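A.B. asks: Once you've seen the sequence and the experimental structure below, I've got questions.
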Amino acid sequence: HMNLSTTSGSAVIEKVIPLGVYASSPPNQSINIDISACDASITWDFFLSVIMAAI
Amino acid sequence: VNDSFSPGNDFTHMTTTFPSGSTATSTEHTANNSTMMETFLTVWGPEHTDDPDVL
Amino acid sequence: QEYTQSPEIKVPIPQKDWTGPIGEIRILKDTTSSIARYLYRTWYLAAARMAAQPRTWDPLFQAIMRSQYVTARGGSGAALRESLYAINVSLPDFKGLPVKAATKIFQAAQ
Amino acid sequence: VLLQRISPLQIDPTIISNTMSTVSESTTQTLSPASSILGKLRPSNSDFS
Amino acid sequence: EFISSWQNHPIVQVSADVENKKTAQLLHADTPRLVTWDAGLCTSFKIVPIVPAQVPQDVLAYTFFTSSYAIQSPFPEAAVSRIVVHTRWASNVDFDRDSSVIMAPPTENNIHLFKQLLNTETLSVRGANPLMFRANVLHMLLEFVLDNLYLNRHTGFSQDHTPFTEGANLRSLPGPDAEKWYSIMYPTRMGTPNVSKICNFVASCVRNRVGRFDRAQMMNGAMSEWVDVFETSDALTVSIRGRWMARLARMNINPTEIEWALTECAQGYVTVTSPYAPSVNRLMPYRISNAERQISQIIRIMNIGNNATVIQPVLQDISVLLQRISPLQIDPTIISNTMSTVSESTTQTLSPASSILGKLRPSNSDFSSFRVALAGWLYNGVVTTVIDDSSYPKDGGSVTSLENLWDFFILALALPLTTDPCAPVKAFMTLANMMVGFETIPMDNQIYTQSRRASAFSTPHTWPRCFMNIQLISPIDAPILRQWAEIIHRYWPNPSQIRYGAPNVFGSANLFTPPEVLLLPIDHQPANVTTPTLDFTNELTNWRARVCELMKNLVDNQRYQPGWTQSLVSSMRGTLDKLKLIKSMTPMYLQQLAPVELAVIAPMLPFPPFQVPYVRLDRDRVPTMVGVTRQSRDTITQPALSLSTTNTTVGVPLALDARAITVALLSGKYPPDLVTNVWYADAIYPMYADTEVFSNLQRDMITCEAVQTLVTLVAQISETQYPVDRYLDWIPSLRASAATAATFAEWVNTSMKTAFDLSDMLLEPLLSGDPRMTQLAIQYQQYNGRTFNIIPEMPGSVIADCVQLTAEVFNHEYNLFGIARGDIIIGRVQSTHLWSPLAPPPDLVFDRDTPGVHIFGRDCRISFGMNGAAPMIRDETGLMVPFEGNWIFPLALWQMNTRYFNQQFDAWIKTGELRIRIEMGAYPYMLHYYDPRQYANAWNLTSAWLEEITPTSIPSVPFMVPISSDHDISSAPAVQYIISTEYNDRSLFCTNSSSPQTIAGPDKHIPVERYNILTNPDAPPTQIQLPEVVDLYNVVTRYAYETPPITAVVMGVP
Amino acid sequence: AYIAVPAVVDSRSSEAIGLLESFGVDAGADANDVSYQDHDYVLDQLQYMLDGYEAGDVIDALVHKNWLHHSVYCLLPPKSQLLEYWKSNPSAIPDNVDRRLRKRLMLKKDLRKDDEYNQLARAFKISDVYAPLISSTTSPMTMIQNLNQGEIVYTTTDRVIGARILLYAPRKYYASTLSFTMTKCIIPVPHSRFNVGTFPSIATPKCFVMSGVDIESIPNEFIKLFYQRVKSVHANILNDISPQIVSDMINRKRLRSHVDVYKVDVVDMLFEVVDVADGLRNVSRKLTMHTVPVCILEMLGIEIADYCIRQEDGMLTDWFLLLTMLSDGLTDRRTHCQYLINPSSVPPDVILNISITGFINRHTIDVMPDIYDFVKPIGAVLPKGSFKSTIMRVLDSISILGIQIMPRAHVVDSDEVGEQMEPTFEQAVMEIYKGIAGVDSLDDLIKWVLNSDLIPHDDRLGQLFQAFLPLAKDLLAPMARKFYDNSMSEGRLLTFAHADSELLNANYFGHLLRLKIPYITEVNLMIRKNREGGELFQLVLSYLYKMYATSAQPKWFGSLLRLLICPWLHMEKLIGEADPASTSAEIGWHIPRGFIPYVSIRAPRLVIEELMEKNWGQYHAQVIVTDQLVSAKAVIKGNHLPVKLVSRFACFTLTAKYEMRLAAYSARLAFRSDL
């Protein structure tokens, strides 16, 4: 209810080709962001504490 | 850890890495990704940068 | 090599920003200088909106959620066996069953 | 800095937070004036140069 | 490097945080503990020895004194005795208030008692800032009263079997030891063998005032209702407990009234019984005033402001109660069964029955929304129920769409049950939005046009003119719209009212409505039978029929029919007929039974109903603002003149789902064989065994008491608009501000919470504003501009009255509390005389009117001497004078120039001829006793005091006093340096009490005036001499009342 | 006379243990005057009820229960099952049943298709035969009322409260849960003058509730809730009596097996700070110190008197320091706030003379930390300047049964890891002035970062933390990993740390604890001399450690000490004079051809003889033996030993040193040691 989330499997058909082609087509531009070691970064010190208390 | 290829390399490890076999991992990963991106776009960036084009 | 890393929090939340424990968890103040306020608010509002739903309380919905994690794959039920044996409770052995015991289905049956 | 050091006035943003008393004025409708004004003011910031 | 400053990290004693337990407080609140019993002595003053006696001695043989024979004595046997304040030093309580005030003998330091509130910057441990003495004393007196708030208990008696009394009845104290109490309680019982002072005092008293002398024996073989006794006590605590008992007695009620109130509240569905026989004087304080109820209601409304999450769970709880006690229940298959018989053709692409079923989707949980909608009727003042925006069509819809027609039908049925006053306009604009393009009507402006969403018409200003005046709608161009407008005007439900509650005991909390009255947005018609059957003579049924016939007319219109197949038209007409003739019991239930359930539920709700009048279609009377006030403006003193501009609006909208309400309205059924009286007698019986309302009454009483106490105390240190008397203006105080007032109010709040054992919020709703100008009022406004306001009357406060009485007594008995009054004089006196420094001879004292004195003030300048000349200081007249003579100094001058003044003046004070009068007003003192037969000097103590004076605190003033003697003694020189300007020696009790007389030193016999009852033979037994003198022997009344629970006396028939 | 106390009470266990004596009641000589009720089944019924309803209404209903009147629930099967049970053994049908139904039931013929029996079956209702029926919808208040009035309360559900439940039919017909704890067999007590129970009641004015234990400090959480709700609702109509009053009531006219070792009695001590600088006295402050065990108080004789808590040198005395460590903190009596003692003699707020006044709250607690589930090493997190050396000395100076609990060789400080590095961590972090811009020395770095009041500017500290985090993250962590690994391989030890973050990053294995002390620690850092980089540098380092530590509540330090000491002296009181051979035992890993000890046990003969028959051999390990003065190392493959194998009974050593009597093998441990 609060973001542009996507879900897909290993099948290529399940992806969203329109989004990629719209992003790549000029004069539109795209920036690729990837979180490195997201599982390691997610810890009690910041996240788990805040989210568990909030929930 | 029970490594068949190495006889005797059998032990137990204490780690803080978030589990990967759970039934939510990707789901809250997406949630926190979106939340933190929104936080940067709405608060942190405008109060750390001054370039008018960037603003 | 994969399970030995840890996050590097350059700017941590100040310690004078958490209340006394409730249960075992703590409450983060609303005057905190950290950006964690917005994440806290988002999760709080999402939880409240989730709780205020009739479908959430549908017993069939609860049954679906409970049957979701049950799967014919392994679930490390061994450690469960030693734990329950330590607390001395006894589980059915299901001797004579021509099925493997390393399944969450078998765990649920136990 | 000299005026800040010699003045008796103390700037405590907790007054606004106490007066508003709003983590979330409402959790049903998307618009909340008290939450909006608190978020715009950002009382937690402590730089008053 | 010895920084000594990092250790000075202050800790704030009051913290503020976001507050979500206001919901918990509103749902349930802690009950104050009012009834507490005491079985000990009713005294707060005790006599302590200061200097031991002189036994044995070389003059009088040891066979004279009674201490040699080990005879117990009422008063201490010592050379010096003084009175000290110690609250509850002899008592046996069942609950502990924890507001005790203990002092030490004057030969010890008591400075810590006067540095409790605002001395957070005083570095020293033996000094205090003299500018908060008034605040500290006020807090101390409040603690005194709060600690002394108790009740006396009648324990038991025994007859005297010795000839010391004429067979009197003596009380027995419950405790580990009793020999000491039996001698302390009755001074007159002791024998008098010798001519000592104590024996003389005892022999000078009457013999027939001791023990019990009056009883109330109302039954045989049962405890006496009350007794009156002569025993050691003090008038201050006696009076305080008397006022407390009177306050509770004004609240006492009897079981018959409770029975009547419960029956009238239960509306005859529940019966309860009470006994009819002589009884044992129970104490059940539960009756308070309408003013207190209204004040508590206003405070609760102030707490719940603009925040939906604080009020929603209350509605949820009410819905749960309604579900538990209501007979109406959902029918599972009524709609499907009635719609499974409409004739249709299978070759059509549209099915009205399938479409309507898909749009409806009935569910059992849909009744929760219906019940919360019902519950919302009692709180339209603060909560406005609306239809959620998601129920409306996404783009406004079109009349060519069967789905949009069903959306219109659902919204039309759901809207008239909400409390939103713009519901008729929204209902009209829904059809207007759907029929845009097909039919046109004239709007007002280009903003709120016919294409605007129907949910945006939410204020009275937005009502279109064509809605109010039907003649503007063209009968030819917009026939359907004109018909719909006429139907809305002549078929909208009519509000009504009902009666509820039993205000004889519970009072009334209504604000903008007459007491005992609930308003309802629909008409109420009482049922006349207990076996109901289906009935269609209801306004809601008429509404449904009119909506169905309007849709039929729309379908049969000749500009719409040619676009449809004949089969579809027939199917739609059949579906509309079936919907019109469906057999639903909900409209009849809402007319005949729901108001009764609401009325029987209302009196036992934690949050009493808060309502404003319902208006049907009268726009001029629509409420537009509800506000409360808690402060005042610049110089405005009358609340009626500042309520208009010193108020904050309250109110919040809550959204509901139209589909659930429509499903509930369409599918309702009763049990197969229902008898209403039996059903309700069964259902209501368990609910009427609770006492939470009885607890809430006490909570409200305590709240009002706290508010009045707060304002009364704040008026003493600030300037307020209420009349009040002052008694502690001679005690120095600073120039207070808003922060000072807030801190003082916080301390008072904490003290009272601790005293009454409360953990939740109290006075914190009022602590968010400047407490120097407080007031309480509420108002609301209509569209046409008229305002109606309520200003509750303020009831009295027994606690505030007792605090003021304590201040009056303190104004004469300040010495007993460790405080001295006046100013001090510093100068060298050397002599062998034995006068006390606390009662100096008059010739030593000089004042402003004494000729020759020099008065110093703000502008002091010191000019050094040169070549043998003497240094000089500038007087206020303008002359420069040397360092000799009599000077008058305000304290602040020395305080601000401590080191310089010490260095320039100490030598001349010690050895020269300089005498200085320091003006102080009030100060704590210390005593040091010295033997009169040896040399003694006080320069060390005086110099220490002078040198530890600092610009932000002072230490206790030390005095050097001789010791009284009962035989001849030689004399030795003594050097004094500090004296007081007036008599400050009221703490003495007796000197050489075991000896026949006092030959040398200060002399003081036992004060007869403090024992007026025993020493004046022709005085009434119940005479007190407050506030000038506090008596130490009085008449005490002790009770034995019972405090049973409600259910122990009032029993309901199962 | 019913008296309610804030603890669970049972007929036999509360009689065996001195419950009233534990609360402080004087002895009653003969015990025929008092009788104890049992409320454990009531408590589990309360939990079951809470599973369905809300807490408040259930508590309010249970308040109105009369415990002096007997009654029981009778559970009936479902309607159909009742019909078959009546069809069998037809003597069970009551007279209230319809004549036609009774005659048809005697048909002794297959009645499925008679349809007259069938229409009667739809017509039948259980409420017709039995008037009082709970029917699983009845309110708890109505349940309590029907239980109070009458003797048999019929029910069709098991979610009830207040009394024992008896079956009406054989178990075959009932398809419900097998709650045999409350449900007895299908086929089938006077009160003394004083009856002691747990739950207070207001049914009759002869009921009493015992005060003297603060409602905050109630150990059992359900009882805490019940007492809170009762006191908050019915405050004005409760009879409160002191333990002294209870003792007087008990002794008015007359006066004129296996025992658990992990239960201790604690008290709250009241005292006042007094300045006696001159011959006069000056009372400065009123303090209350919480949760002080009574046995240590009796050992180190403390009475109501005046004491000095400083030695000639100027430091706190050992007994006072130990008492403060054992306690759970100090609170100011006037302002209800936590109080932190100043360790130094710097004039502001120095405590030198104290005066004891009395003890008020007395109750029994359990020293079991409740997380010590498996026997594992212990790692405690304690900040800098916490008298670590003094605590180590005091602990090493303790030996009760010739056991010498906590040898200094079995503990490791928080500084060995730093010292192992060739450039040790302290002088390693003393070059942050090179990295930071504008600062040329450690001295002016300290001057820059700290204020004139010795308080760190947040912005400057954050920059310094930015510089500090890498070094603490990439140098200390691997060395710490290696150190904890080889320490675990060598044996079980107690490990002190400055922050839990370093242990978490080093992947420490074992139980982890956060502890704090009621003192201003930084004052010690400022006052003590012999600093490597200076007292100011140590202060800044402590600030860095506190920032590095994560967000979690540090428990009070006395929680560990109670478990560490109290059971040993309690067991000494019992088996002080017993034969050591019979009362001593030991467990360890055995190798065939050797026995390397693991845990040392002290217990009575009975406890030892049941511990004899345990299958320790279910656990396995690998042992490597080296040749020093003789050294061995052990690695456990599998799970660890559950603590309750040793059980609540018997006292065991918490730390071990793998050292054979002064090659690789696979070992299975055994209970080799014995009489």
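C.D. replies: Looks like it arrived, so ask away. Numbers count the residues shown, from 1 in each chain, chains lettered A, B, ... in the order given.
A.B. asks: make it CA atoms for all contacts and neighbour counts henceforth
C.D. replies: Fine.
A.B. asks: any chance you could map the helices in the chain?
C.D. replies: You didn't pick a chain, so chain A it is. Applying DSSP state H to chain A gives helices spanning A:17-24, A:38-41, A:49-54.
A.B. asks: could you do chain D instead?
C.D. replies: Using DSSP H, helices in chain D cover D:2-6, D:14-20, D:33-41.
A.B. asks: Chain F: which of those helices is closest?
C.D. replies: Chain F lies closest to helix D:2-6 among those, at 13.2 Å (C-alpha to the nearest C-alpha).
A.B. asks: Check the offset of the closest one from the chain's centre.
C.D. replies: Computed by C-alpha atoms, centre = their mean, to the nearest Å, the chain-centroid distance of helix D:2-6 equals 23 Å.
A.B. asks: Can you pull out the residues in contact with it?
C.D. replies: With C-alpha atoms under 8 Å, 6 or more residues apart in numbering or on different chains as the test, helix D:2-6 has no contacts from any other residue.
A.B. asks: would you put the C-alpha positions of that helix in CSV?
C.D. replies: Backbone C-alpha positions of helix D:2-6 (Å, rounded to 0.1, in the frame of the first residue of the first chain) are rendered in CSV as follows:
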residue,chain,number,x,y,z
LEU,D,2,29.1,35.6,22.8
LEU,D,3,25.4,36.5,22.9
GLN,D,4,24.4,32.8,23.0
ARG,D,5,26.9,32.4,25.9
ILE,D,6,25.8,35.4,28.0
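A.B. asks: Let me have the helices of chain D in TSV, extended by mean neighbour count.
C.D. replies: TSV is the format used below for those (neighbours: other C-alpha atoms under 10 Å in any protein chain shown):
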stretch	mean neighbour count
helix D:2-6	8
helix D:14-20	14
helix D:33-41	13
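A.B. asks: May I see those organised as a markdown table, with distance to residue E:100 added?
C.D. replies: Below are the helices of chain D laid out as a markdown table (distance: least, C-alpha to C-alpha, whole Å):
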| stretch | distance to residue E:100 |
| --- | --- |
| helix D:2-6 | 42 |
| helix D:14-20 | 33 |
| helix D:33-41 | 44 |
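A.B. asks: Would you mind saying which of the helices of chain A lies nearest chain D?
C.D. replies: helix A:49-54 (11.7 Å).
A.B. asks: Could you confirm whether the closest one reaches chain C?
C.D. replies: Yes: with C-alpha under 8 Å from any C-alpha of the partner chain as the measure, helix A:49-54 is seen reaching chain C through A:49, A:50, A:51, A:52, A:53, A:54.
A.B. asks: List the buried residues of that helix.
C.D. replies: Residues of helix A:49-54 classed as buried by neighbour count (16 or more other C-alpha atoms under 10 Å in any protein chain shown): A:49, A:50, A:51, A:53, A:54.
A.B. asks: Any idea how many residues pack against residue F:304?
C.D. replies: Neighbours of residue F:304 under the rule other C-alpha atoms under 10 Å in any protein chain shown: 12.
A.B. asks: residues in contact with it?
C.D. replies: F:355, F:356, F:357, F:358.
A.B. asks: that's a strand at the first one, yeah?
C.D. replies: By that I understand residue F:355. Yes: with DSSP: H, G, I helix; E, B strand; the rest coil as the criterion, residue F:355 is part of a strand.
A.B. asks: what's the nearest residue to it once chain neighbours are set aside in contact with, if anything?
C.D. replies: Among residues not flanking residue F:355 along the chain, residue F:306 sits closest, at 4.4 Å (C-alpha to C-alpha, 6 or more residues apart in numbering or on different chains). Contact partners of residue F:306, counting by C-alpha under 8 Å, 6+ apart, are F:353, F:354, F:355, F:356.
A.B. asks: Contacts for stretch F:154-164 next, please.
C.D. replies: With C-alpha under 8 Å, 6+ apart, stretch F:154-164 has contacts from F:42, F:45-46, F:48-49, F:62, F:65, F:71-78, F:130, F:132-136, F:140, F:143-144, F:147, F:165, F:182-183.
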